[PDB]
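Asks: Right, I'll just put the structure down here and ask away after.
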Amino acid sequence: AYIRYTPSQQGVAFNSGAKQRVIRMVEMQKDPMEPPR
Amino acid sequence: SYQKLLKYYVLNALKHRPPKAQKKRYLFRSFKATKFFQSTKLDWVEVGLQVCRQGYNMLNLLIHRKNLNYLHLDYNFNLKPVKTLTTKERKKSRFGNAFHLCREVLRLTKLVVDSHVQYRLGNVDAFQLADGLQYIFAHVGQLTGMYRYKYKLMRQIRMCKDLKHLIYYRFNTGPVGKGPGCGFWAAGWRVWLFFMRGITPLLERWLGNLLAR
Amino acid sequence: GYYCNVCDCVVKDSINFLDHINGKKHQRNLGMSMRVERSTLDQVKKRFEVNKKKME
Amino acid sequence: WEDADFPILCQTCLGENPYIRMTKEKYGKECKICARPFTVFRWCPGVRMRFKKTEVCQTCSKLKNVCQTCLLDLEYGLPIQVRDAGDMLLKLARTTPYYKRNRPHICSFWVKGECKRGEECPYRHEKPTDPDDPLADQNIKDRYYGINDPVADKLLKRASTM
Amino acid sequence: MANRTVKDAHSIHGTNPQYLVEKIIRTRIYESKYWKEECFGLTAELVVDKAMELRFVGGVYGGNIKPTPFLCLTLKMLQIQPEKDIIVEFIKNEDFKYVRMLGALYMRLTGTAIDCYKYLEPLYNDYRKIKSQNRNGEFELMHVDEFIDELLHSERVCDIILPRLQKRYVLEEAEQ
RNA sequence: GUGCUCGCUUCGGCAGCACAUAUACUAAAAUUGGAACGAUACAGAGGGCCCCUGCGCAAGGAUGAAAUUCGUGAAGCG
RNA sequence: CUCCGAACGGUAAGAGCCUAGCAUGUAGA
Ligand SMILES: O=P(O)(O)O[C@H]1[C@H](OP(=O)(O)O)[C@H](OP(=O)(O)O)[C@H](OP(=O)(O)O)[C@@H](OP(=O)(O)O)[C@H]1OP(=O)(O)O
């Protein structure tokens, strides 16, 4: 006014060794010159 | 004039309660920490012309987005028409609230910057420069379009009026008694600096409210 | 007043009709006439030939 | 109006790399098919991939059983039209999902003729596939709903030829 | 359509490709009798034909701002944005006068100050007459020196505002 | 790229050591389609929601969507 | 005896014809 996620969907041979697929999650910088989009 | 100056001084003396609060809130210190700001060293006249061009391009794109191809800001921050539209266009150009005041402020800023650009570009370059700044603050009293958006401005303009006779009757004494004394902006520019520092947040709020729409 | 047979429209003011065929979407549909700048030699032939036709 | 924690993504949309790097953005980009603010996060599926993002929002995709950025499926890998009209899907699907989706789309400066970036084009230097087949012409909203797919009829007739 | 040049134009650094003239004056240039004809397209060649057939050199006339065909043709060539070779060809033409006048005026509006002195200086020798339209409609015959002098030294010799050429002393101290 | 091995060993080289460890709304691009209360011709006025000007949830203008009598069923009492 | 103000409360509403500065950058085969 990191994350570890087991892909329980498809893991057989996608991504050879589709073991648990860890990732990195950052946030993107918001410039303070942008009106309401 | 002396009475008005003493009046402002005393009324400032009363409303002076010890300021201690806000936990040291700073601006333009977190902006430099993000990737949306970069520091450099550039001459003052260059920064002034840059700010003037940036403000003009910001207002021009506001007018462009607003689907008004029949108006033009004229590069001296004086909004001028094109074809005299009067079917329903004149009802779509009744700003009067913040566009007016932002226009006045940027007109004053670009005018000071142009007065200083003429110096480096071959103006009189003598005391004439200070005389120019003096009569520029005088015209900000009168010539500028400040009156409309806010009327309380007249108060400080009255100071800028009274303050005038604080200098000329101390400057135009002795041999120099008639001609236009150039004087200083030691008190005028001071007043307008305190003024703009005080009204930064109002225009921040108004720009936010208007950009929301 | 003025009459456009391509659009079959009646143009009233002379200026109103002048500002249709020059910009008509239907007339433009009869061919894109975006004029590209000719070569530097192309602008010389028009200058030379006119010097020999108008004057001479 | 719609924040989350982790995206409901595919197994091919994530990429052929066990460690990728996401970048959450609270309230970005306005969901394609319901027009609602949601939480856009992009990543790089692999080396020389397309820097894939997130289109279709959490409730948009969770309700209709579909991934947040390709609208195929989390369970099978078929479109949302084949998996509705049509079981047959299990022999129709595929394992080892081709990474021909995660690749850069065609450099238009090359199609015009002067791609100035040379060998350094981060886009892709192939010939623009001919326009004529309706697999040049699908969109998002007709895809996401069952109504009118260019793909789903062409794969649904693969289901009764042979 | 009078928005873009053809499809892409090297924007003059001053204001914009088409906006080197004031917005009011260009907006007036469009809606006009002389614009209604010849606006169908004029890329490189027909411009020469339209230029040699207009023996006026002026800007605005009448209470209602009425553009001369000289001024409207300057704006038309400005929208066309011809290459520098064609402009040097117009600047080198001695037979047709007002063509050379337009070439000089355009090279002044769009061009480098070094190039301005390099191409407009040798146009400071012709002692011939040139007709012009005053603001009240009445014409006047002046010298070509007056034109190029107001163009290179003075500001707004016509209705157009000039893009602030340097003083010649700075360039004489730094360059040729 | 930079500094060093009492290195193979010259001041040509080879081998090793150490510092430096992942940017990129990727593309200068590619098509796709739209709107003035704008001039011009014509006659010349009997409760809230959707918009616009707008800084104030200041202010100012507009088209579009209540009760009587009788029969029946059930609970419960002598 | 030099202190000088701006916006709204304002331009009837209309059927036929016509012209245009602006905007997306993607999913997928
Ligand atoms: O005419 P006066 O009542 O005697 O006062 C004038 C007048 O100041 P004010 O009208 O505001 O009181 C001038 O300003 P202008 O309004 O005429 O522009 C000012 O000159 P500055 O603009 O430089 O301030 C200066 O007059 P001068 O030109 O002689 O310096 C001044 O006082 P004096 O006339 O007594 O000097």
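We label chains A, B, ... in the order they appear in the structure tokens, count residues from 1 in each chain, and number ligands from 1 in the order shown.
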Let me have all residues with an atom within 12 Å of ligand 1, counting only C-alpha atoms (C1' of nucleotides) and all ligand atoms, laid out as a count of residues only.

Replies: 47

Asks: Show me, as an NGL selection string, the residues of chain G whose atoms get within 10 Å of chain C, using only C-alpha atoms (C1' of nucleotides) for the distance check.

Replies: :G and (16-20)

Asks: Pull N, CA, C and O atoms (P, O5', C5', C4', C3', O3' and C1' of nucleotides) from the residues just selected and write them as a PDB file, in the first residue's frame.

Replies:
ATOM      1  P     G G  16     -23.566   5.400 -39.916  1.00  0.00           P
ATOM      2  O5'   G G  16     -23.993   6.190 -41.232  1.00  0.00           O
ATOM      3  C5'   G G  16     -24.530   5.506 -42.355  1.00  0.00           C
ATOM      4  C4'   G G  16     -23.956   6.044 -43.640  1.00  0.00           C
ATOM      5  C3'   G G  16     -22.437   6.022 -43.736  1.00  0.00           C
ATOM      6  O3'   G G  16     -21.935   4.771 -44.171  1.00  0.00           O
ATOM      7  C1'   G G  16     -23.218   8.172 -44.302  1.00  0.00           C
ATOM      8  P     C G  17     -20.406   4.373 -43.889  1.00  0.00           P
ATOM      9  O5'   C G  17     -19.571   5.445 -44.718  1.00  0.00           O
ATOM     10  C5'   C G  17     -19.629   5.476 -46.136  1.00  0.00           C
ATOM     11  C4'   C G  17     -18.548   6.359 -46.705  1.00  0.00           C
ATOM     12  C3'   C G  17     -17.166   6.179 -46.097  1.00  0.00           C
ATOM     13  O3'   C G  17     -16.463   5.086 -46.657  1.00  0.00           O
ATOM     14  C1'   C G  17     -17.690   8.481 -46.201  1.00  0.00           C
ATOM     15  P     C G  18     -15.282   4.382 -45.831  1.00  0.00           P
ATOM     16  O5'   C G  18     -14.159   5.507 -45.746  1.00  0.00           O
ATOM     17  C5'   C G  18     -13.603   6.071 -46.924  1.00  0.00           C
ATOM     18  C4'   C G  18     -12.518   7.060 -46.593  1.00  0.00           C
ATOM     19  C3'   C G  18     -11.519   6.611 -45.540  1.00  0.00           C
ATOM     20  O3'   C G  18     -10.507   5.775 -46.069  1.00  0.00           O
ATOM     21  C1'   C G  18     -12.264   8.792 -45.030  1.00  0.00           C
ATOM     22  P     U G  19      -9.698   4.776 -45.107  1.00  0.00           P
ATOM     23  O5'   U G  19      -8.428   5.627 -44.665  1.00  0.00           O
ATOM     24  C5'   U G  19      -7.607   6.254 -45.636  1.00  0.00           C
ATOM     25  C4'   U G  19      -6.890   7.448 -45.062  1.00  0.00           C
ATOM     26  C3'   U G  19      -6.018   7.176 -43.847  1.00  0.00           C
ATOM     27  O3'   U G  19      -4.746   6.656 -44.185  1.00  0.00           O
ATOM     28  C1'   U G  19      -7.372   9.060 -43.431  1.00  0.00           C
ATOM     29  P     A G  20      -4.016   5.618 -43.203  1.00  0.00           P
ATOM     30  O5'   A G  20      -3.722   6.472 -41.891  1.00  0.00           O
ATOM     31  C5'   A G  20      -3.007   7.702 -41.961  1.00  0.00           C
ATOM     32  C4'   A G  20      -2.298   8.008 -40.665  1.00  0.00           C
ATOM     33  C3'   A G  20      -1.412   6.883 -40.137  1.00  0.00           C
ATOM     34  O3'   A G  20      -0.281   7.433 -39.462  1.00  0.00           O
ATOM     35  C1'   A G  20      -3.110   7.357 -38.562  1.00  0.00           C
TER      36        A G  20
END

Asks: Skipping near chain neighbours, those fewer than 2 positions away, what residues fall within 8 Å of residue 136 (chain E) using only C-alpha atoms (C1' of nucleotides), listed as a PDB file with N, CA and C atoms, in the first residue's frame?

Replies:
ATOM      1  N   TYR E  61       4.437  31.686 -44.695  1.00  0.00           N
ATOM      2  CA  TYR E  61       3.773  32.905 -45.128  1.00  0.00           C
ATOM      3  C   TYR E  61       2.320  32.862 -44.687  1.00  0.00           C
ATOM      4  N   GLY E  62       1.743  34.038 -44.468  1.00  0.00           N
ATOM      5  CA  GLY E  62       0.354  34.160 -44.071  1.00  0.00           C
ATOM      6  C   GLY E  62       0.179  34.078 -42.569  1.00  0.00           C
ATOM      7  N   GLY E  63      -0.954  34.621 -42.118  1.00  0.00           N
ATOM      8  CA  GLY E  63      -1.299  34.524 -40.708  1.00  0.00           C
ATOM      9  C   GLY E  63      -1.452  33.083 -40.270  1.00  0.00           C
ATOM     10  N   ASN E 134       8.584  36.585 -47.709  1.00  0.00           N
ATOM     11  CA  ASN E 134       8.577  37.128 -46.364  1.00  0.00           C
ATOM     12  C   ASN E 134       7.400  36.552 -45.582  1.00  0.00           C
ATOM     13  N   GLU E 138       4.638  39.091 -48.975  1.00  0.00           N
ATOM     14  CA  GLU E 138       5.369  39.827 -49.994  1.00  0.00           C
ATOM     15  C   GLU E 138       6.746  39.215 -50.208  1.00  0.00           C
TER      16      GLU E 138
END

Asks: Might you pull out every residue within 12 Å of residue 139 (chain E), with only C-alpha atoms (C1' of nucleotides) counted and same-chain residues fewer than 2 positions away left off, and present them as number ranges by chain?

Replies: E: 55-61, 68, 130-137, 141-142

Asks: When DSSP is applied to the backbone of this structure, which of chain A are assigned strand (DSSP E)? Write them out as a list in words.

Replies: residues 3, 4, 22, 23, 24, 25, 26 and 27 of chain A

Asks: In Å, how far is it from CA of residue 139 (chain D) to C1' of residue 26 (chain G)?

Replies: 8.9 Å
